[PDB]
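Keeping their order, the protein sequence lines are chains O, S, R, P and T. The numbering of the first sequence is the deposited numbering, which starts it at 38 and goes up by one. The numbering of the second sequence is the deposited numbering, which starts it at 38 and goes up by one. The numbering of the third sequence is the deposited numbering, which starts it at 29 and goes up by one. The numbering of the fourth sequence is the deposited numbering, which starts it at 22 and goes up by one. The numbering of the fifth sequence is the deposited numbering, which starts it at 24 and goes up by one. Note that CB positions come from ideal geometry on N, CA and C, so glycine has one too.
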Amino acid sequence: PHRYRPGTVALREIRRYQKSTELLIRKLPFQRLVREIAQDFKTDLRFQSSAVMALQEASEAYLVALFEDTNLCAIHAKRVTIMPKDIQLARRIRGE
Amino acid sequence: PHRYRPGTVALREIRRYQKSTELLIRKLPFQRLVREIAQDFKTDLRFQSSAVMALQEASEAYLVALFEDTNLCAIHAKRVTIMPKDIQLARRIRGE
Amino acid sequence: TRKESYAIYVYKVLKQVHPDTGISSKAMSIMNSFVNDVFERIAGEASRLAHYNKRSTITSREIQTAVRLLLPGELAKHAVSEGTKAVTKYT
Amino acid sequence: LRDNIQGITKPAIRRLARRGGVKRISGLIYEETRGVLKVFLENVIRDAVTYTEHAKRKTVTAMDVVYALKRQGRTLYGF
Amino acid sequence: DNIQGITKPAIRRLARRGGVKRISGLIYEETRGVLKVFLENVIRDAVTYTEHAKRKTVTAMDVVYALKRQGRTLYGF
DNA sequence: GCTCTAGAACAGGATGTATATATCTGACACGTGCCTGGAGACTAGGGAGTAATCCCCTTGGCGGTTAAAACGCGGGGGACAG
DNA sequence: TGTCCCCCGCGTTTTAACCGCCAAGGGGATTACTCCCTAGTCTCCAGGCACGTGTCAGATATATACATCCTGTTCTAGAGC
């Protein structure tokens, strides 16, 4: 049962997902979540495909940048595992 | 002689400098620093007193916010002291 | 040239809200700067809204959308309520 | 349809963190990032629907979305 | 020499206003450096604003516009 | 059972922040002396509204196939501290 | 620093995403035409900007009261002979 180390495949996935620009969240769940969020604002609202696409690109970019900031917070705290306190600190630093 | 524990004088200074809005940075050194910085861009450049005041207020508020983020990062790292790495992390998250 | 100031306007607003509360000159300048900054932000958002759909005019709906975009939550809702009440009182 | 916050799956979050260079990903961060992704989405979506309702528009276009992203200082290129 | 003109107790008071209990000894130079960078950016913007108006003195007004164009708007001026 | 060391909690003294005037220069804001700026009202033609398709395009419906997510499982990693 | 809980890595299933084609009905775009509401200009008057000045809100300050820290001290419990 050859098994790789818990942390080498992590770095390999980091390199793979940093080199590639393919999107990570599937389009259908993100579209459904966008419709769920928007149904509280406007009743019977339609989303064009390019609108959902752009929203997905922006959302993944924001999440990726926040993940780099939380990772930097983790290494700053002499740690490897990110925790929701890192996300809260990163949000509060930018005043979000 | 009377001795105070490390921290209560610090907390008292925190309180007394947070209730009042006095000018912590002295006028003359900040003015001299402003003239020194501006002399590299434009020679024989003047600064009215209200301009120096405004720049000093903006700088002091910015440095206070940066120190707040620095202390926030220090508490996130389970640390009481604030280190230059904390300032670097806060500026990197803030994109400065 | 001369410079505009909103000293009397903020003064009468304060006396309408608190009839027995004064205000300093530095606080007057702070209020002036705040009102001018909000005016510039709302006007820029309304101009962007007009340019967005090839409209050369700014109406009450442009300022409404600008307020809803800038002001958050209940502050935005109360601003729309006050603006609507002002327009209905005008007409 | 409701309860669509679970659409952003845990492996999708893990992929997003790997793109961010995160080696070790806690099991408790997935709820938090779903919350922050939701909050960012409500902000951008409420700006987009205000833009849509301003222009007598009923379907949200890509243009308004990227204009909303730019007015929150997060301008998106490519649309 | 005016970069060191600002004092260590001034930086301590600045951190006290920021709610910091204690300050490390090697962060004073870093705070001075980042303050120099911020002041350099703001002063460069104000210098460009002053030179655009054919003016040789930096007034307070274009300073607050220089700060506001950087997302750091100043009130009271 | 008698002698004696040591921990523990108020007792008064020291010091700190804080209320109470005491007062004093200091600008807040009314009064006034003007004053410039939009209110009232034509002139009218340019942008917006209404429609009027128009299409167009995004939502939903037949699945097919399969990359991927959820299910625990196992041993290594390491986050939280004294 | 030891460790026991927490996260990662193949296995398996299943599970929904991506895809292929089409009805189809509500919705963005602009042309023919109209409208009421908006830029411009003539005159001016009541709202508005700038200077004078009384004084009361605020600023600086001494002295004195309530509140907390602390050192002194008295008492009682327990070890030793």
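Have a look at S:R128, S:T107 and S:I130 and flag the residue whose alpha-carbon is nearest the alpha-carbon of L37 (chain T).
Residue mapping note: residue 37 (chain T) aligns to position 14 of the fifth sequence, counting from 1. Considering only alpha carbons, the answer is S:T107.
Thinking just about the alpha-carbon of each residue, which of T:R39, T:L62 and T:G99 is nearest to the one in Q93 (chain T)?
Here residue 93 (chain T) is taken as the residue at index 70 of the fifth sequence, counted from 1. Residue T:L62 is the option with its Cα nearest to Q93 (chain T).
With a Cβ-Cβ cutoff of 8 Å, do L49 (chain P) and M120 (chain O) count as a contact?
Along the fourth sequence, one-based indexing puts residue 49 (chain P) at 28. Along the first sequence, one-based indexing puts residue 120 (chain O) at 83. Taking 8 Å as the Cβ cut-off, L49 (chain P) and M120 (chain O) qualify as a contacting pair.
Kindly list, in the order they appear in chain S, the residues whose Cβ is closer than 7 Å to that of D106 (chain O).
Position 69 of the first sequence, counting from 1, holds the residue named residue 106 (chain O). Below the 7 Å Cβ cutoff, chain S contributes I130 as neighbours of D106 (chain O), in chain order.
For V87 (chain P), which residues in the same chain have their Cβ closer than 6 Å to its Cβ, ignoring the five residues on either side in sequence?
Here residue 87 (chain P) refers to the residue found at position 66 of the fourth sequence. So the list reads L97 and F100, once near-sequence residues are dropped.
Which residue from T:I26, T:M84 and T:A83 puts its Cα closest to that of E53 (chain T)?
Stepping through the fifth sequence from its first residue, residue 53 (chain T) is reached at position 30. That would be T:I26, whose Cα lies nearest to the Cα of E53 (chain T).
Check whether chain O comes within 8 Å of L126 (chain S), counting only Cβ atoms and requiring the distance to be less than that.
Sequence index remark: in the second sequence, residue 126 (chain S) carries index 89 (1-based). Answer yes: the Cβ-Cβ gap between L126 (chain S) and chain O drops below 8 Å somewhere.
Could you tell me which chain O residues have their CB closer than 9 Å to the CB of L109 (chain S), listed as they occur along the chain?
Against the second sequence, residue 109 (chain S) aligns to sequence position 72. Near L109 (chain S) (Cβ distances below 9 Å), the residues of chain O are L126, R129 and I130.
Measuring CA to CA, which of R:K40, R:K54 and R:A55 is closest to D48 (chain R)?
Numbered from its first residue, the third sequence carries residue 48 (chain R) at position 20. From the listed residues R:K40, R:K54 and R:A55, the smallest Cα separation to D48 (chain R) is found for R:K40.
Check whether the Cβ of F100 (chain T) lies closer than 8 Å to any Cβ atom in chain R.
The count along the fifth sequence starts at 1 and reaches residue 100 (chain T) at position 77. It does: the Cβ of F100 (chain T) has a partner Cβ on chain R nearer than 8 Å.
Nearest chain R C-beta to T80 (chain T) closer than 8 Å, yes or no?
Counting from one through the fifth sequence, the residue named residue 80 (chain T) turns up at place 57. For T80 (chain T), the answer is no, since every Cβ of chain R falls outside 8 Å of its Cβ.
Cα separation between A83 (chain T) and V89 (chain S)?
As a working note, residue 83 (chain T) is residue 60 in the fifth sequence. As a working note, residue 89 (chain S) is residue 52 in the second sequence. About 7 Å.
Measure the alpha-carbon distance for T30 (chain T) versus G72 (chain R) and round it to whole angstroms.
Against the fifth sequence, residue 30 (chain T) aligns to sequence position 7. Against the third sequence, residue 72 (chain R) aligns to sequence position 44. One C-alpha to the other measures close to 42 Å.
Starting from the beta carbon of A83 (chain T), find every residue of chain S whose beta carbon is closer than 8 Å, and list them in chain order.
Your numbering for residue 83 (chain T) matches position 60 in the fifth sequence. Going along chain S in sequence order, the residues near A83 (chain T) (Cβ under 8 Å) are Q85, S87, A88, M90 and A91.
Would you tell me roughly how many angstroms separate the C-alpha atoms of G41 (chain P) and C110 (chain O), rounded to the nearest one?
Looking up residue 41 (chain P) in the fourth sequence gives position 20. Looking up residue 110 (chain O) in the first sequence gives position 73. One C-alpha to the other measures close to 12 Å.
Should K91 (chain T) be listed as close to the ligand SAM, given that the test is whether its C-beta is under 7 Å from any heavy atom?
Annotation note on the ligand SAM: not contained in the displayed structure, which lists no ligands.
For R35 (chain T), I'd like the list of residues in its chain whose CB is within less than 7 Å of its CB, leaving aside the five on either flank, ordered along the chain.
In the fifth sequence, the residue the question calls residue 35 (chain T) occupies position 12. Excluding sequence neighbours, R35 (chain T) sits near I46.
Using 8 Å as the threshold, is the C-beta distance between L22 (chain P) and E50 (chain O) below it?
As a working note, residue 22 (chain P) is residue 1 in the fourth sequence. As a working note, residue 50 (chain O) is residue 13 in the first sequence. Contact flag unset, no.
Please tell me whether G28 (chain P) and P43 (chain O) are closer than 8 Å, where the distance is taken between their beta carbons.
To locate residue 28 (chain P), count along the fourth sequence from 1; it is residue 7. To locate residue 43 (chain O), count along the first sequence from 1; it is residue 6. No.
Under 7 Å Cβ to Cβ from residue 123 (chain P), same chain only, skipping five residues before and after it: list those, please.
The shown model of chain P, from 22 to 100, leaves out residue 123 (chain P), and the question about it has no answer.
Out of R:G101, R:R89 and R:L98, state which residue places its alpha-carbon closest to the alpha-carbon of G111 (chain R).
Locating residue 111 (chain R) in the third sequence gives position 83, counting from the first residue. Closest option to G111 (chain R), Cα to Cα, is R:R89.
Rounded to a whole number of angstroms, what is the C-alpha to C-alpha distance between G56 (chain P) and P32 (chain P)?
For this step, residue 56 (chain P) is matched to residue 35 along the fourth sequence. For this step, residue 32 (chain P) is matched to residue 11 along the fourth sequence. Rounded to the nearest whole angstrom, the CA to CA distance from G56 (chain P) to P32 (chain P) is 16 Å.
Here's the rule I'm using: 16 or more other beta-carbon atoms within 10 Å means buried, otherwise exposed. How should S96 (chain S) be labelled?
Here residue 96 (chain S) refers to the residue found at position 59 of the second sequence. Flag for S96 (chain S) reads buried.
Who are the neighbours of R96 (chain R) on chain P, taking C-beta pairs under 7 Å?
For the purposes of this step, residue 96 (chain R) is taken as the residue at position 68 of the third sequence. Under the 7 Å cutoff, chain P gives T71.
Give a yes or no on whether the minimum CB-CB distance between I86 (chain R) and chain T is below 8 Å.
Position 58 of the third sequence holds residue 86 (chain R). With 8 Å as the cut-off, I86 (chain R) does not count as an interface residue toward chain T.
Would you mind stating whether residue 6 (chain R) and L97 (chain R) have Cβ atoms separated by less than 8 Å?
Beyond the ends of chain R as shown, which are 29 and 119, falls residue 6 (chain R); an answer cannot be given.
With H, G and I counted as helix, E and B as strand and the rest as coil, what does DSSP make of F84 (chain O)?
The residue given as residue 84 (chain O) occupies position 47 in the first sequence. The answer is strand: DSSP assigns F84 (chain O) an E or B state.
Can you give me the start and stop residues for the alpha helix (DSSP H) that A83 (chain P) sits inside?
Reading the fourth sequence from its first residue, position 62 is the one you call residue 83 (chain P). Per DSSP, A83 (chain P) belongs to the alpha helix (DSSP H) from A83 to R92.
Helix, strand or coil for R45 (chain P)? Go by DSSP, reduced to three states.
Here the question's residue 45 (chain P) lines up with position 24 in the fourth sequence. Strand, per DSSP.
Please go through the same chain and pick out, in chain order, the residues whose beta-carbon is closer than 8 Å to the beta-carbon of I51 (chain R), but skip the five residues on each side of it.
For the purposes of this step, residue 51 (chain R) is identified with residue 23 of the third sequence, where counting begins at 1. Cβ within range, chain order: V38, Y39, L42 and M59.
Below 8 Å between beta carbons: does that hold for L61 (chain S) and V65 (chain T)?
Position 24 of the second sequence holds residue 61 (chain S). Position 42 of the fifth sequence holds residue 65 (chain T). No, Cβ-Cβ distance for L61 (chain S) and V65 (chain T) is not below 8 Å.
Taking the C-alpha atoms as reference points, what is the distance between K59 (chain T) and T58 (chain S)?
Against the fifth sequence, residue 59 (chain T) aligns to sequence position 36. Against the second sequence, residue 58 (chain S) aligns to sequence position 21. Cα-Cα distance, rounded: 23 Å.
How close, in whole Å, do the beta carbons of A75 (chain O) and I130 (chain S) come, if the pair is a contact with beta carbons under 8 Å?
If you number the first sequence from 1, residue 75 (chain O) lands on position 38. If you number the second sequence from 1, residue 130 (chain S) lands on position 93. Contact flag wrong, Cβ pair sits at about 30 Å.
The alpha helix (DSSP H) spanning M56 (chain R) covers which residue range?
Here residue 56 (chain R) refers to the residue found at position 28 when the third sequence is read from its first residue. Looking at the DSSP string, the run of the alpha helix (DSSP H) that includes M56 (chain R) is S53 to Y80.
Given a cut-off of 8 Å on the beta-carbon distance, is the pair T71 (chain P) and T93 (chain R) in contact?
Here the question's residue 71 (chain P) lines up with position 50 in the fourth sequence. Here the question's residue 93 (chain R) lines up with position 65 in the third sequence. In contact: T71 (chain P) and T93 (chain R) (Cβ atoms closer than 8 Å).
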